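Raw contents of run.tsv, TSV, C-alpha atoms:
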chain	number	residue	atom	x	y	z
A	1	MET	CA	-15.88	-1.39	17.26
A	2	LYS	CA	-16.13	-4.68	15.25
A	3	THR	CA	-14.09	-5.33	12.18
A	4	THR	CA	-14.31	-8.09	9.50
A	5	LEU	CA	-12.14	-8.80	6.45
A	6	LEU	CA	-14.11	-8.20	3.27
A	7	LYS	CA	-11.51	-8.56	0.59
A	8	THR	CA	-7.82	-9.06	0.07
A	9	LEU	CA	-7.15	-6.93	-3.00
A	10	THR	CA	-3.33	-7.38	-2.77
A	11	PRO	CA	-1.03	-8.44	0.11
A	12	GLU	CA	-0.65	-4.75	0.91
A	13	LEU	CA	-4.31	-3.61	0.44
A	14	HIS	CA	-7.33	-5.00	2.19
A	15	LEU	CA	-10.95	-4.09	2.51
A	16	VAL	CA	-12.14	-4.31	6.14
A	17	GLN	CA	-15.59	-3.52	7.46
A	18	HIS	CA	-15.60	-1.21	10.53
A	19	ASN	CA	-19.03	-1.56	12.08
A	20	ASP	CA	-21.27	-0.46	9.17
A	21	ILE	CA	-18.63	1.03	6.83
A	22	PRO	CA	-16.03	-0.60	4.47
A	23	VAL	CA	-12.51	0.75	4.91
A	24	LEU	CA	-9.45	0.07	2.86
A	25	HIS	CA	-6.32	-0.74	4.81
A	26	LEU	CA	-2.95	-0.08	3.12
A	27	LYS	CA	0.34	-1.42	4.64
A	28	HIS	CA	3.32	-0.71	2.47
A	29	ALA	CA	6.90	0.33	2.57
A	30	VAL	CA	5.71	3.90	2.33
A	31	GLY	CA	3.64	3.47	5.49
A	32	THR	CA	0.03	2.72	6.38
A	33	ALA	CA	-3.32	4.33	5.58
A	34	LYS	CA	-7.02	3.71	6.00
A	35	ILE	CA	-9.64	5.07	3.68
A	36	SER	CA	-13.35	4.80	4.36
A	37	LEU	CA	-15.31	4.12	1.11
A	38	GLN	CA	-18.07	6.22	2.65
A	39	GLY	CA	-17.05	9.76	1.54
A	40	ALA	CA	-13.76	8.43	-0.02
A	41	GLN	CA	-12.46	9.59	3.33
A	42	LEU	CA	-8.80	9.12	4.29
A	43	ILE	CA	-8.97	8.49	8.07
A	44	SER	CA	-5.43	7.44	8.96
A	45	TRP	CA	-2.04	8.04	7.44
A	46	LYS	CA	1.21	7.11	9.15
A	47	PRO	CA	4.17	7.53	6.79
A	48	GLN	CA	7.29	5.40	7.47
A	49	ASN	CA	8.93	6.17	10.78
A	50	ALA	CA	6.33	8.69	11.87
A	51	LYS	CA	5.68	7.90	15.49
A	52	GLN	CA	2.11	9.07	15.49
A	53	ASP	CA	-0.63	8.98	12.92
A	54	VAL	CA	-0.69	12.24	10.89
A	55	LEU	CA	-4.48	12.39	10.93
A	56	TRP	CA	-6.89	12.44	13.82
A	57	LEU	CA	-9.94	10.21	14.09
A	58	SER	CA	-12.47	10.58	16.97
A	59	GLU	CA	-11.96	7.96	19.64
A	60	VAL	CA	-15.70	7.71	19.79
A	61	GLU	CA	-16.29	7.46	16.08
A	62	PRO	CA	-19.42	5.30	15.44
A	63	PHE	CA	-18.74	4.21	11.95
A	64	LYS	CA	-22.37	4.27	10.97
A	65	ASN	CA	-23.50	4.18	7.39
A	66	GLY	CA	-24.78	7.57	6.33
A	67	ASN	CA	-23.34	9.49	9.31
A	68	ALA	CA	-20.29	11.65	8.58
A	69	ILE	CA	-17.13	10.31	10.09
A	70	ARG	CA	-15.49	12.67	12.61
A	71	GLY	CA	-11.85	12.90	11.63
A	72	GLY	CA	-9.51	12.25	8.71
A	73	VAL	CA	-10.20	14.23	5.53
A	74	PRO	CA	-13.94	14.58	4.94
A	75	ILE	CA	-14.86	15.88	1.50
A	76	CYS	CA	-17.27	18.82	1.81
A	77	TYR	CA	-19.15	19.10	-1.49
A	78	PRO	CA	-21.01	20.61	-3.26
A	79	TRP	CA	-21.69	23.21	-0.58
A	80	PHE	CA	-19.65	24.23	2.46
A	81	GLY	CA	-20.88	24.34	6.04
A	82	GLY	CA	-24.42	24.93	7.11
A	83	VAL	CA	-25.50	27.10	4.20
A	84	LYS	CA	-27.87	24.12	3.53
A	85	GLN	CA	-28.75	20.92	5.23
A	86	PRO	CA	-27.12	18.53	5.58
A	87	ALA	CA	-24.06	20.61	6.55
A	88	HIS	CA	-21.12	20.19	4.12
A	89	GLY	CA	-23.10	18.53	1.37
A	90	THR	CA	-23.61	14.87	0.50
A	91	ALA	CA	-20.26	13.68	-0.62
A	92	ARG	CA	-19.09	12.64	2.82
A	93	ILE	CA	-22.24	10.56	3.51
A	94	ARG	CA	-22.40	8.62	0.23
A	95	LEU	CA	-20.44	5.46	-0.72
A	96	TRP	CA	-17.72	5.95	-3.31
A	97	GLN	CA	-16.09	3.19	-5.37
A	98	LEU	CA	-12.35	2.33	-5.58
A	99	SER	CA	-11.86	2.69	-9.35
A	100	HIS	CA	-8.13	2.26	-9.48
A	101	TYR	CA	-5.18	1.16	-7.38
A	102	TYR	CA	-1.46	1.30	-8.49
A	103	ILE	CA	1.18	-0.22	-6.28
A	104	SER	CA	4.93	0.09	-6.75
A	105	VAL	CA	8.13	0.20	-4.79
A	106	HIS	CA	8.05	3.76	-3.58
A	107	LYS	CA	4.48	4.86	-4.21
A	108	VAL	CA	0.88	3.98	-4.03
A	109	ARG	CA	-1.96	5.55	-5.95
A	110	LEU	CA	-5.69	4.98	-5.11
A	111	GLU	CA	-8.56	6.60	-7.07
A	112	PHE	CA	-12.14	6.82	-5.87
A	113	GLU	CA	-15.20	7.91	-7.82
A	114	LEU	CA	-18.66	9.21	-6.78
A	115	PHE	CA	-21.64	8.58	-9.10
A	116	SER	CA	-25.04	10.14	-9.43
A	117	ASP	CA	-28.16	8.21	-9.13
A	118	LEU	CA	-28.31	8.32	-12.98
A	119	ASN	CA	-24.97	6.39	-13.14
A	120	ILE	CA	-22.93	9.35	-14.41
A	121	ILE	CA	-19.61	10.34	-12.75
A	122	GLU	CA	-20.05	13.21	-10.22
A	123	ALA	CA	-16.56	13.56	-8.59
A	124	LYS	CA	-13.24	11.86	-8.21
A	125	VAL	CA	-10.63	11.65	-5.41
A	126	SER	CA	-7.09	10.52	-5.88
A	127	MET	CA	-4.60	9.79	-3.15
A	128	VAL	CA	-0.86	9.34	-3.76
A	129	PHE	CA	1.27	7.92	-0.91
A	130	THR	CA	5.06	8.35	-0.79
A	131	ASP	CA	6.75	10.00	2.15
A	132	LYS	CA	4.08	12.59	1.57
A	133	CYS	CA	0.24	12.27	1.04
A	134	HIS	CA	-1.18	14.01	-1.98
A	135	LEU	CA	-5.00	14.06	-1.97
A	136	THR	CA	-6.87	15.71	-4.89
A	137	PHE	CA	-10.59	16.21	-5.33
A	138	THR	CA	-12.14	16.92	-8.80
A	139	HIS	CA	-15.62	18.04	-9.55
A	140	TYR	CA	-17.57	16.75	-12.55
A	141	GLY	CA	-20.83	18.26	-11.38
A	142	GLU	CA	-23.72	20.04	-12.99
A	143	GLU	CA	-23.17	23.39	-11.53
A	144	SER	CA	-20.52	25.46	-9.96
A	145	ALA	CA	-19.66	24.04	-6.58
A	146	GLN	CA	-17.89	24.68	-3.32
A	147	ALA	CA	-15.57	22.05	-1.92
A	148	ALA	CA	-13.21	21.58	0.97
A	149	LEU	CA	-10.78	18.97	2.21
A	150	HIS	CA	-11.56	19.27	5.89
A	151	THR	CA	-8.35	17.81	7.20
A	152	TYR	CA	-8.13	16.86	10.88
A	153	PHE	CA	-4.52	16.83	11.91
A	154	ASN	CA	-3.41	14.72	14.87
A	155	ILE	CA	-1.34	16.68	17.44
A	156	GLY	CA	0.09	16.13	20.96
A	157	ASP	CA	-1.62	19.06	22.68
A	158	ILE	CA	-3.61	21.94	21.26
A	159	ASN	CA	-1.65	24.17	23.68
A	160	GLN	CA	1.68	23.37	22.16
A	161	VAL	CA	0.88	24.03	18.45
A	162	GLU	CA	1.75	26.98	16.16
A	163	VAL	CA	0.27	27.55	12.79
A	164	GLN	CA	2.80	29.10	10.43
A	165	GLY	CA	2.22	30.84	7.12
A	166	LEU	CA	-1.34	32.14	7.28
A	167	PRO	CA	-2.26	35.84	6.63
A	168	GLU	CA	-2.47	38.35	9.50
A	169	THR	CA	-6.19	38.74	8.96
A	170	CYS	CA	-9.11	36.34	8.45
A	171	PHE	CA	-12.85	36.24	8.59
A	172	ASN	CA	-14.19	35.03	11.98
A	173	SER	CA	-17.26	32.84	11.41
A	174	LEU	CA	-17.84	32.80	15.11
A	175	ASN	CA	-19.06	36.39	15.20
A	176	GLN	CA	-19.18	37.00	11.45
A	177	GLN	CA	-16.48	39.61	11.59
A	178	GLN	CA	-13.25	40.23	9.76
A	179	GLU	CA	-10.37	40.37	12.34
A	180	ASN	CA	-6.64	40.88	12.62
A	181	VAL	CA	-4.37	37.98	13.60
A	182	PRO	CA	-0.86	36.85	14.58
A	183	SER	CA	1.42	34.75	12.44
A	184	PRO	CA	2.37	32.32	13.66
A	185	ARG	CA	-0.95	31.66	15.31
A	186	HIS	CA	-1.53	29.59	18.39
A	187	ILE	CA	-4.87	28.23	19.56
A	188	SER	CA	-6.08	29.10	23.03
A	189	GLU	CA	-9.74	29.12	22.39
A	190	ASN	CA	-12.50	28.21	19.89
A	191	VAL	CA	-11.27	29.18	16.46
A	192	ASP	CA	-13.43	29.02	13.32
A	193	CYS	CA	-11.91	31.31	10.74
A	194	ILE	CA	-11.60	31.63	7.01
A	195	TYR	CA	-8.38	32.93	5.53
A	196	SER	CA	-7.79	33.97	1.96
A	197	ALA	CA	-5.24	31.56	0.45
A	198	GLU	CA	-2.58	34.10	-0.37
A	199	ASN	CA	0.34	31.69	-0.27
A	200	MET	CA	-0.23	27.97	-0.90
A	201	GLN	CA	2.03	26.74	1.91
A	202	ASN	CA	1.33	26.73	5.63
A	203	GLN	CA	2.56	24.42	8.31
A	204	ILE	CA	1.62	23.18	11.71
A	205	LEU	CA	4.28	23.19	14.33
A	206	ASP	CA	3.75	20.64	17.07
A	207	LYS	CA	6.10	20.88	20.09
A	208	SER	CA	4.16	18.17	21.95
A	209	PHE	CA	4.78	15.36	19.40
A	210	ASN	CA	7.82	17.39	18.35
A	211	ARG	CA	7.27	17.45	14.54
A	212	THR	CA	6.08	19.78	11.81
A	213	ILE	CA	3.21	18.97	9.50
A	214	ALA	CA	3.99	20.84	6.28
A	215	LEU	CA	1.14	21.59	3.79
A	216	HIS	CA	1.42	22.40	0.08
A	217	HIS	CA	-2.10	23.29	-1.18
A	218	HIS	CA	-3.10	23.59	-4.90
A	219	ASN	CA	-5.96	25.63	-6.30
A	220	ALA	CA	-7.28	26.66	-2.87
A	221	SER	CA	-9.04	29.98	-2.57
A	222	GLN	CA	-9.77	29.79	1.20
A	223	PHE	CA	-8.07	28.08	4.16
A	224	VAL	CA	-10.30	27.33	7.15
A	225	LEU	CA	-8.61	27.03	10.56
A	226	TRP	CA	-10.85	25.31	13.12
A	227	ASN	CA	-10.75	23.89	16.73
A	228	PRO	CA	-14.06	23.62	18.59
A	229	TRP	CA	-12.24	24.00	21.93
A	230	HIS	CA	-15.03	23.72	24.57
A	231	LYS	CA	-18.16	23.47	22.32
A	232	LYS	CA	-19.84	20.17	22.51
A	233	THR	CA	-19.37	18.70	19.04
A	234	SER	CA	-21.26	15.66	17.74
A	235	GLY	CA	-19.02	12.61	17.49
A	236	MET	CA	-16.26	14.25	19.67
A	237	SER	CA	-15.52	13.34	23.25
A	238	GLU	CA	-15.24	16.17	25.72
A	239	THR	CA	-11.45	15.92	25.48
A	240	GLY	CA	-11.11	15.47	21.69
A	241	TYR	CA	-10.23	19.09	20.86
A	242	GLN	CA	-6.90	18.76	22.63
A	243	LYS	CA	-5.46	16.34	20.13
A	244	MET	CA	-6.70	17.79	16.83
A	245	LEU	CA	-6.63	20.86	14.65
A	246	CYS	CA	-8.30	21.40	11.28
A	247	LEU	CA	-6.47	23.32	8.51
A	248	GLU	CA	-8.89	22.92	5.61
A	249	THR	CA	-7.99	23.26	1.87
A	250	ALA	CA	-11.02	25.08	0.44
A	251	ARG	CA	-12.90	26.64	-2.50
A	252	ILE	CA	-15.61	28.58	-0.72
A	253	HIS	CA	-15.88	31.97	-2.47
A	254	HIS	CA	-14.08	30.95	-5.68
A	255	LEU	CA	-16.35	28.18	-7.04
A	256	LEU	CA	-15.23	25.01	-8.82
A	257	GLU	CA	-16.33	24.44	-12.36
A	258	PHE	CA	-16.57	21.13	-14.23
A	259	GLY	CA	-13.12	19.40	-14.23
A	260	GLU	CA	-11.41	21.76	-11.83
A	261	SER	CA	-9.61	20.24	-8.90
A	262	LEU	CA	-8.26	21.24	-5.54
A	263	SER	CA	-5.67	19.36	-3.58
A	264	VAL	CA	-3.27	19.21	-0.66
A	265	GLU	CA	0.07	17.65	-0.19
A	266	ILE	CA	0.82	16.60	3.44
A	267	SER	CA	4.30	15.80	4.79
A	268	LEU	CA	6.21	15.67	8.07
A	269	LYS	CA	9.45	17.44	8.99
Render the structure in this file as structure tokens.
Amino acid sequence: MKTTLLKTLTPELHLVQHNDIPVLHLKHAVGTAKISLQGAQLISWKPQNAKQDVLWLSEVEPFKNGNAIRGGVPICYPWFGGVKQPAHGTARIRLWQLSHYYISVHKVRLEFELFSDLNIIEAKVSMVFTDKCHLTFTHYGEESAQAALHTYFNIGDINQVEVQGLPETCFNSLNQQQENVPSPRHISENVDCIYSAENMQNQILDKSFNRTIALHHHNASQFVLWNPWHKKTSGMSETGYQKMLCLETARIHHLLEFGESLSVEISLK
């Protein structure tokens, strides 16, 4: 819970150490953002006039080097979930570098890169801030890879949310079964399901904070909808599930090849 200023890059962009991990802080006309250099992980984004942060970050987040941060937009790569250990690959537990920052009147662009232990580029993340947030991940790996932008959206109450635009079926990881489903969808229990990405737009209606989080995905093959509900979840308080929902942009069954990207554009309405 201790922070220190590490570096003033510009008047609008600072590097601040949160416990063990360096985090960029952006404060600009377009709004504010925080990006952990560990995992090039956007953990806060509040566009101008938004009353609440768009992203959720665990109120008990440790900020410990090498331990995945619970919240924001973790980068799962080059494997998804627990098919191997550590779950979700190594990207989100490795320090990235800020390789470029562009600041102008109505827009801010930050680029992050991840390097192999042999000093060769492995992946890139770009983030473009306007009234919307466009985050893109590109793979420069050695083999085909899975990836996912595991976005944790901040909401007023899990009981007052509807998820618009997903298919009427999905694969339920909970019981490993394909199942039929409502659209819109509401969450009234532990949901851990993989949808085919038929249409690239879906949105999250929040009647507690009274806003809509609209999502325009690019190059997704799968969309993972997840809320742990009552399961104890490492780095989550016992009450955390009520204020978050994950709608993940993903390439799980359609792999990424060298130079292919996947991205999401986040906005409020």
If we count only C-alpha atoms and set the cut-off at 7 Å, which residues sit around residue 95 in chain A, ignoring sequence neighbours fewer than 3 positions away in its own chain? Please answer as an MDAnalysis selection string.
chainID A and resid 37:39
My list of candidates is A:10, A:212, A:41, A:202. Which is closest to residue 73 in chain A when distances are computed with only C-alpha atoms?
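The shortest atom-to-atom distance to residue 73 in chain A comes from A:41.
Nearest-residue note for residue 250 in chain A: choosing from A:203, A:30, A:102, A:81, the minimum distance belongs to A:81, counting only C-alpha atoms.
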Pick from A:103, A:244, A:163, A:262 nearest to residue 59 in chain A, counting all atoms listed in the file
A:244
Just to confirm, what's the straight-line distance from CA of residue 16 in chain A to CA of residue 247 in chain A in Å (one decimal)?
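Spanning CA of residue 16 in chain A to CA of residue 247 in chain A is a straight-line distance of 28.3 Å.
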Best match for closeness to residue 70 in chain A among A:180, A:52, A:190, A:237, counting only C-alpha atoms
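Nearest to residue 70 in chain A: A:237.
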Mind checking which residues fall within 10 Å of residue 143 in chain A, counting only C-alpha atoms, ignoring those fewer than 5 positions away in the same chain, and posting them as a PyMOL selection string?
chain A and resi 78+255-258
Straight-line distance linking CA of residue 171 in chain A with CA of residue 77 in chain A, stated in Å to one decimal:
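Between CA of residue 171 in chain A and CA of residue 77 in chain A the gap works out to 20.9 Å.
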Restricting the calculation to all atoms listed in the file, which member of A:209, A:229, A:241, A:45 is positioned closest to residue 269 in chain A?
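Of the candidates, the smallest distance to residue 269 in chain A is held by A:209.
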Name the closest residue to residue 165 in chain A among the candidates A:148, A:181, A:252, A:120; distances are taken between atoms, counting all atoms listed in the file.
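Ranking A:148, A:181, A:252, A:120 by distance to residue 165 in chain A, first place goes to A:181.
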Could you list, as number ranges by chain, every residue within 12 Å of residue 238 in chain A, counting all atoms listed in the file and ignoring same-chain residues fewer than 6 positions away?
A: 58-60, 228-232
Identify, on the basis of all atoms listed in the file, every residue whose closest approach to residue 20 in chain A does not exceed 10 Å; exclude the query and any residue fewer than 3 positions from it along the same chain; express the result as a PyMOL selection string.
chain A and resi 1-3+17+23+38+62-66
Between CA of residue 150 in chain A and CA of residue 254 in chain A lies a distance of 16.6 Å
